[PDB]
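Engineer: See final-v2.cif below, with mmCIF, N, CA and C atoms and all ligand atoms.
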```
data_query
loop_
_atom_site.label_atom_id
_atom_site.label_comp_id
_atom_site.auth_asym_id
_atom_site.auth_seq_id
_atom_site.Cartn_x
_atom_site.Cartn_y
_atom_site.Cartn_z
N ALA V 71 22.06 5.04 -18.89
CA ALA V 71 20.58 5.21 -18.92
C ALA V 71 20.02 5.47 -17.52
N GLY V 72 19.14 6.46 -17.42
CA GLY V 72 18.43 6.71 -16.18
C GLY V 72 18.52 8.11 -15.59
N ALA V 73 17.64 8.99 -16.05
CA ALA V 73 17.34 10.22 -15.33
C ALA V 73 16.67 9.80 -14.03
N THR V 74 16.79 10.64 -13.02
CA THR V 74 16.27 10.35 -11.70
C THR V 74 15.15 11.34 -11.37
N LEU V 75 14.10 10.82 -10.75
CA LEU V 75 13.03 11.64 -10.21
C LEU V 75 13.63 12.58 -9.17
N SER V 76 13.27 13.86 -9.25
CA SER V 76 13.72 14.83 -8.26
C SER V 76 13.07 14.57 -6.92
N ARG V 77 13.79 14.88 -5.84
CA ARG V 77 13.29 14.59 -4.50
C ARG V 77 12.51 15.74 -3.87
N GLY V 78 12.50 16.89 -4.54
CA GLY V 78 11.90 18.08 -3.98
C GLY V 78 10.41 18.10 -4.20
N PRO V 79 9.62 18.32 -3.14
CA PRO V 79 8.17 18.45 -3.29
C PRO V 79 7.83 19.66 -4.17
N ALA V 80 6.78 19.56 -4.98
CA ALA V 80 6.34 20.66 -5.82
C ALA V 80 5.96 21.89 -4.96
N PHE V 81 5.41 21.61 -3.78
CA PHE V 81 4.95 22.65 -2.87
C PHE V 81 5.26 22.22 -1.42
N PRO V 82 6.52 22.41 -0.99
CA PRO V 82 6.98 21.96 0.33
C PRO V 82 6.14 22.44 1.53
N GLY V 83 5.59 23.65 1.46
CA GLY V 83 4.76 24.18 2.54
C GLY V 83 3.49 23.37 2.77
N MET V 84 2.95 22.80 1.69
CA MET V 84 1.77 21.95 1.78
C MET V 84 2.15 20.53 2.18
N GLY V 85 3.38 20.36 2.65
CA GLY V 85 3.89 19.10 3.17
C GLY V 85 3.18 18.62 4.43
N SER V 86 2.57 19.55 5.15
CA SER V 86 1.85 19.21 6.37
C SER V 86 0.40 18.89 6.05
N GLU V 87 -0.03 17.68 6.41
CA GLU V 87 -1.43 17.29 6.29
C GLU V 87 -2.36 18.31 6.94
N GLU V 88 -1.96 18.79 8.12
CA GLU V 88 -2.69 19.82 8.85
C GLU V 88 -2.94 21.05 7.97
N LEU V 89 -1.90 21.50 7.28
CA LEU V 89 -2.00 22.67 6.42
C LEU V 89 -2.81 22.35 5.17
N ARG V 90 -2.66 21.13 4.65
CA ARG V 90 -3.48 20.71 3.49
C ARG V 90 -4.96 20.72 3.84
N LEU V 91 -5.27 20.29 5.05
CA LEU V 91 -6.63 20.30 5.58
C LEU V 91 -7.21 21.71 5.67
N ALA V 92 -6.41 22.67 6.14
CA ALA V 92 -6.84 24.07 6.16
C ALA V 92 -7.32 24.55 4.79
N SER V 93 -6.66 24.10 3.72
CA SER V 93 -6.99 24.57 2.36
C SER V 93 -8.41 24.19 1.93
N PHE V 94 -8.98 23.22 2.63
CA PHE V 94 -10.31 22.70 2.32
C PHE V 94 -11.42 23.44 3.07
N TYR V 95 -11.06 24.55 3.72
CA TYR V 95 -12.02 25.39 4.44
C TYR V 95 -13.23 25.77 3.59
N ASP V 96 -13.06 25.75 2.27
CA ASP V 96 -14.13 26.11 1.36
C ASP V 96 -14.40 25.00 0.32
N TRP V 97 -14.02 23.77 0.66
CA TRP V 97 -14.34 22.60 -0.16
C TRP V 97 -15.86 22.52 -0.32
N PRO V 98 -16.33 22.54 -1.57
CA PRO V 98 -17.76 22.76 -1.88
C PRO V 98 -18.75 21.77 -1.26
N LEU V 99 -19.98 22.27 -1.06
CA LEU V 99 -21.09 21.50 -0.50
C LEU V 99 -21.52 20.37 -1.45
N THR V 100 -21.53 20.67 -2.75
CA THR V 100 -21.87 19.69 -3.79
C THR V 100 -20.74 18.68 -4.04
N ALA V 101 -19.54 18.97 -3.54
CA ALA V 101 -18.40 18.05 -3.61
C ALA V 101 -18.65 16.84 -2.70
N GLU V 102 -18.29 15.66 -3.20
CA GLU V 102 -18.78 14.40 -2.64
C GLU V 102 -17.76 13.60 -1.83
N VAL V 103 -16.50 14.05 -1.84
CA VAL V 103 -15.41 13.36 -1.14
C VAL V 103 -14.95 14.19 0.08
N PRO V 104 -14.65 13.53 1.20
CA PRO V 104 -14.29 14.24 2.44
C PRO V 104 -12.85 14.77 2.44
N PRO V 105 -12.69 16.06 2.75
CA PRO V 105 -11.37 16.70 2.74
C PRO V 105 -10.30 15.91 3.48
N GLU V 106 -10.65 15.32 4.62
CA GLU V 106 -9.68 14.59 5.45
C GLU V 106 -9.01 13.47 4.69
N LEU V 107 -9.77 12.79 3.83
CA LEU V 107 -9.24 11.72 3.01
C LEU V 107 -8.34 12.29 1.91
N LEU V 108 -8.78 13.40 1.32
CA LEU V 108 -8.00 14.09 0.31
C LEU V 108 -6.65 14.55 0.86
N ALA V 109 -6.66 15.18 2.03
CA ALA V 109 -5.46 15.75 2.63
C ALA V 109 -4.52 14.68 3.11
N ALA V 110 -5.09 13.61 3.64
CA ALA V 110 -4.30 12.44 4.01
C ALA V 110 -3.53 11.93 2.80
N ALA V 111 -4.19 11.94 1.64
CA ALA V 111 -3.58 11.43 0.40
C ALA V 111 -2.68 12.46 -0.33
N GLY V 112 -2.32 13.53 0.37
CA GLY V 112 -1.33 14.49 -0.10
C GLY V 112 -1.91 15.64 -0.88
N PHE V 113 -3.22 15.62 -1.10
CA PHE V 113 -3.87 16.65 -1.89
C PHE V 113 -4.23 17.86 -1.05
N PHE V 114 -4.21 19.03 -1.69
CA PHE V 114 -4.71 20.25 -1.08
C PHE V 114 -5.59 20.93 -2.11
N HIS V 115 -6.52 21.75 -1.63
CA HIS V 115 -7.50 22.40 -2.48
C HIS V 115 -6.93 23.66 -3.14
N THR V 116 -7.20 23.81 -4.44
CA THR V 116 -6.84 25.03 -5.18
C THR V 116 -8.07 25.52 -5.92
N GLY V 117 -8.16 26.83 -6.11
CA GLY V 117 -9.33 27.43 -6.73
C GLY V 117 -10.54 27.38 -5.82
N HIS V 118 -11.72 27.49 -6.41
CA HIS V 118 -12.94 27.55 -5.62
C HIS V 118 -13.95 26.44 -5.93
N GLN V 119 -13.68 25.67 -7.00
CA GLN V 119 -14.45 24.46 -7.30
C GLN V 119 -13.88 23.26 -6.54
N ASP V 120 -13.68 22.15 -7.23
CA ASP V 120 -13.21 20.94 -6.56
C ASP V 120 -11.83 20.46 -7.01
N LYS V 121 -11.03 21.38 -7.54
CA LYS V 121 -9.68 21.04 -7.99
C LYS V 121 -8.74 20.84 -6.81
N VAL V 122 -7.93 19.79 -6.88
CA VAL V 122 -6.88 19.56 -5.90
C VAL V 122 -5.57 19.31 -6.65
N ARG V 123 -4.45 19.44 -5.94
CA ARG V 123 -3.16 19.03 -6.48
C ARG V 123 -2.42 18.34 -5.37
N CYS V 124 -1.58 17.38 -5.71
CA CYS V 124 -0.72 16.80 -4.68
C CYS V 124 0.43 17.75 -4.38
N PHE V 125 0.78 17.87 -3.10
CA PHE V 125 1.83 18.78 -2.66
C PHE V 125 3.18 18.36 -3.19
N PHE V 126 3.34 17.06 -3.39
CA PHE V 126 4.62 16.51 -3.81
C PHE V 126 4.78 16.46 -5.32
N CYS V 127 3.90 15.72 -5.99
CA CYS V 127 4.01 15.48 -7.42
C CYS V 127 3.23 16.52 -8.24
N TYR V 128 2.43 17.33 -7.54
CA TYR V 128 1.58 18.35 -8.19
C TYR V 128 0.55 17.78 -9.17
N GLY V 129 0.28 16.49 -9.06
CA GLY V 129 -0.82 15.91 -9.81
C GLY V 129 -2.09 16.65 -9.49
N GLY V 130 -2.80 17.09 -10.53
CA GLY V 130 -4.05 17.80 -10.38
C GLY V 130 -5.27 16.98 -10.76
N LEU V 131 -6.24 16.94 -9.85
CA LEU V 131 -7.46 16.18 -10.03
C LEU V 131 -8.67 17.00 -9.63
N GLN V 132 -9.79 16.76 -10.32
CA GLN V 132 -11.06 17.41 -10.02
C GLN V 132 -12.21 16.44 -10.30
N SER V 133 -13.43 16.98 -10.44
CA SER V 133 -14.65 16.20 -10.71
C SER V 133 -14.75 14.99 -9.79
N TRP V 134 -14.52 15.23 -8.50
CA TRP V 134 -14.61 14.21 -7.47
C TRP V 134 -16.05 13.74 -7.26
N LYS V 135 -16.21 12.44 -6.99
CA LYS V 135 -17.52 11.82 -6.84
C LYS V 135 -17.55 10.87 -5.65
N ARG V 136 -18.74 10.68 -5.07
CA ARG V 136 -18.90 9.79 -3.93
C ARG V 136 -18.30 8.42 -4.23
N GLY V 137 -17.51 7.91 -3.30
CA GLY V 137 -16.84 6.63 -3.50
C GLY V 137 -15.40 6.72 -3.99
N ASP V 138 -15.09 7.75 -4.79
CA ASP V 138 -13.72 7.97 -5.28
C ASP V 138 -12.73 7.89 -4.13
N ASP V 139 -11.74 7.03 -4.27
CA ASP V 139 -10.70 6.92 -3.26
C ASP V 139 -9.49 7.75 -3.68
N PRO V 140 -9.18 8.79 -2.89
CA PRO V 140 -8.06 9.70 -3.18
C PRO V 140 -6.73 8.98 -3.33
N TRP V 141 -6.40 8.09 -2.39
CA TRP V 141 -5.18 7.30 -2.50
C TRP V 141 -5.11 6.49 -3.81
N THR V 142 -6.27 6.00 -4.25
CA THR V 142 -6.38 5.20 -5.46
C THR V 142 -6.29 6.07 -6.70
N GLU V 143 -7.03 7.18 -6.69
CA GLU V 143 -6.93 8.19 -7.75
C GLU V 143 -5.48 8.67 -7.91
N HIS V 144 -4.81 8.86 -6.78
CA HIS V 144 -3.41 9.24 -6.73
C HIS V 144 -2.53 8.21 -7.45
N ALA V 145 -2.76 6.93 -7.15
CA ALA V 145 -2.00 5.82 -7.76
C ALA V 145 -2.33 5.64 -9.24
N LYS V 146 -3.60 5.85 -9.58
CA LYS V 146 -4.07 5.75 -10.95
C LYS V 146 -3.35 6.74 -11.84
N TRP V 147 -3.26 7.99 -11.38
CA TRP V 147 -2.82 9.08 -12.23
C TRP V 147 -1.35 9.46 -12.11
N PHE V 148 -0.79 9.32 -10.91
CA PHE V 148 0.55 9.82 -10.60
C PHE V 148 1.39 8.74 -9.94
N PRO V 149 1.58 7.62 -10.64
CA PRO V 149 2.16 6.42 -10.02
C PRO V 149 3.58 6.62 -9.50
N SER V 150 4.30 7.60 -10.01
CA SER V 150 5.69 7.77 -9.58
C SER V 150 5.85 8.76 -8.43
N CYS V 151 4.75 9.39 -8.00
CA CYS V 151 4.79 10.33 -6.87
C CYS V 151 5.49 9.72 -5.67
N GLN V 152 6.61 10.31 -5.26
CA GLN V 152 7.38 9.76 -4.14
C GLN V 152 6.60 9.80 -2.83
N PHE V 153 5.65 10.73 -2.70
CA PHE V 153 4.83 10.78 -1.50
C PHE V 153 3.85 9.61 -1.44
N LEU V 154 3.21 9.32 -2.57
CA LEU V 154 2.28 8.22 -2.67
C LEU V 154 3.01 6.91 -2.38
N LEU V 155 4.23 6.80 -2.88
CA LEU V 155 5.01 5.56 -2.76
C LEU V 155 5.52 5.30 -1.35
N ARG V 156 5.98 6.35 -0.67
CA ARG V 156 6.41 6.23 0.72
C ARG V 156 5.25 5.87 1.64
N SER V 157 4.06 6.37 1.30
CA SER V 157 2.88 6.25 2.14
C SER V 157 2.12 4.94 1.92
N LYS V 158 1.97 4.54 0.66
CA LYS V 158 1.17 3.37 0.30
C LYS V 158 2.01 2.16 -0.09
N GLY V 159 3.24 2.41 -0.54
CA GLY V 159 4.15 1.34 -0.93
C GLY V 159 4.06 0.93 -2.39
N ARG V 160 5.11 0.24 -2.84
CA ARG V 160 5.25 -0.22 -4.22
C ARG V 160 4.12 -1.17 -4.65
N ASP V 161 3.76 -2.10 -3.76
CA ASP V 161 2.70 -3.08 -4.05
C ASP V 161 1.35 -2.42 -4.35
N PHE V 162 0.96 -1.46 -3.51
CA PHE V 162 -0.30 -0.75 -3.70
C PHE V 162 -0.42 -0.09 -5.07
N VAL V 163 0.58 0.72 -5.42
CA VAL V 163 0.59 1.48 -6.67
C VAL V 163 0.50 0.53 -7.87
N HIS V 164 1.38 -0.48 -7.86
CA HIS V 164 1.44 -1.51 -8.90
C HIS V 164 0.08 -2.15 -9.13
N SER V 165 -0.65 -2.39 -8.03
CA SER V 165 -1.96 -3.03 -8.07
C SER V 165 -3.04 -2.14 -8.68
N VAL V 166 -2.91 -0.83 -8.49
CA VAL V 166 -3.84 0.12 -9.10
C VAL V 166 -3.51 0.30 -10.58
N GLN V 167 -2.21 0.27 -10.92
CA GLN V 167 -1.76 0.38 -12.31
C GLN V 167 -2.11 -0.86 -13.15
N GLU V 168 -1.89 -2.04 -12.57
CA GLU V 168 -2.18 -3.31 -13.26
C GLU V 168 -3.68 -3.61 -13.38
N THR V 169 -4.52 -2.70 -12.91
CA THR V 169 -5.97 -2.80 -13.11
C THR V 169 -6.52 -1.54 -13.79
ZN ZN H 1 1.63 13.00 -5.56
#
```
Take the structure in this file and express it as structure tokens.
Ligand SMILES: [Zn+2]

Structural biologist:
Amino acid sequence: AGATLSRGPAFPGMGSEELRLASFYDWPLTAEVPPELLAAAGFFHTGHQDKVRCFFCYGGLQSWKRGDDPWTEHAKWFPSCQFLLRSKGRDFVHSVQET
């Protein structure tokens, strides 16, 4: 028993926070969350609205609102993301899942 999570990022080029930040050059005015927090949390901008995906797990999120924590949204939706886990740790993810 036990298939293993693949180690390969969904989008290796977006592995750089710096490059993820560039993608937010057109992050909308009506959008309520700061790109720097999004990019720190592994997300990069796709399309022209407020859609993001994680570079590693390719989790896709949109409809961002003031107060939304990207790291938390990441843990809420994509708990097995190896990037989220290396960055925030097992305890953090578990705590977002158990609530
Ligand atoms: Zn992820």

Engineer: Taking only C-alpha atoms and all ligand atoms into account, which of V:141, V:89, V:154, V:78 comes nearest ligand ZN 1 (chain H)?

Structural biologist: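 Under the stated criterion, the closest residue is V:154.
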
Engineer: Taking all atoms listed in the file into account, which residues are within 6.5 Å of ligand ZN 1 (chain H), as a ChimeraX atom specification?

Structural biologist: /V:112,124-129,144,148,151-154

Engineer: Mind giving me the straight-line distance from atom CA of residue 82 of chain V to atom CA of residue 105 of chain V in Å, one decimal?

Structural biologist: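 Those two atoms sit 19.2 Å apart.
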
Engineer: I'd like the contact shell of residue 139 of chain V - 8 Å cut-off, only N, CA and C atoms, skipping same-chain residues fewer than 6 positions apart - returned as JSON, numbers by chain.

Structural biologist: {"V": [103, 107, 108, 145]}

Engineer: Which distance in Å separates atom CA of residue 88 of chain V and atom CA of residue 140 of chain V, to one decimal?

Structural biologist: 16.6 Å

Engineer: Quick one: of V:121, V:135, V:161, V:155, who's nearest to residue 96 of chain V, counting only C-alpha atoms?

Structural biologist: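 For residue 96 of chain V, the nearest of the given residues is V:121.
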
Engineer: For atom CA of residue 157 of chain V and atom CA of residue 137 of chain V, quote the distance in Å rounded to one decimal.

Structural biologist: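 Between atom CA of residue 157 of chain V and atom CA of residue 137 of chain V the gap is 20.5 Å.
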
Engineer: Excluding same-chain residues fewer than 2 positions from residue 93 of chain V, what lies within 7 Å of it counting only C-alpha atoms, as JSON, numbers by chain?

Structural biologist: {"V": [89, 90, 91, 95, 114, 115]}

Engineer: From the list V:167, V:73, V:134, V:116, which residue is nearest residue 94 of chain V when using all atoms listed in the file?

Structural biologist: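 Smallest distance to residue 94 of chain V is found for V:116.
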
Engineer: Could you pull out the residues in chain V that DSSP calls strand (DSSP E or B) from the backbone, as a VMD selection string?

Structural biologist: chain V and resid 113 to 115 122 to 124 130 to 131

Engineer: Which residue gives the smallest distance to residue 131 of chain V among V:156, V:143, V:75, V:164, with only C-alpha atoms counted?

Structural biologist: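 Going through V:156, V:143, V:75, V:164 one by one, the smallest distance to residue 131 of chain V is for V:143.
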
Engineer: DSSP on the backbone: what in chain V comes out helix (DSSP H, G or I), as a PyMOL selection string?

Structural biologist: chain V and resi 82-85+87-96+105-110+140-147+152-158+160-167

Engineer: For a quick check of understanding, using only C-alpha atoms, which of V:102, V:97, V:123, V:147 has the smallest distance to residue 80 of chain V?

Structural biologist: V:123

Engineer: Please put the answer as JSON: centre and edge lengths, in Å with one decimal, of a box along x, y and z that encloses all listed atoms of segment 156-160 of chain V plus 4 Å on each side.

Structural biologist:
```
{"center_x": 3.8, "center_y": 2.6, "center_z": -1.3, "size_x": 13.2, "size_y": 15.5, "size_z": 14.8}
```

Engineer: For residue 104 of chain V, which of V:169, V:136, V:142, V:160 is the closest residue, counting all atoms listed in the file?

Structural biologist: V:136
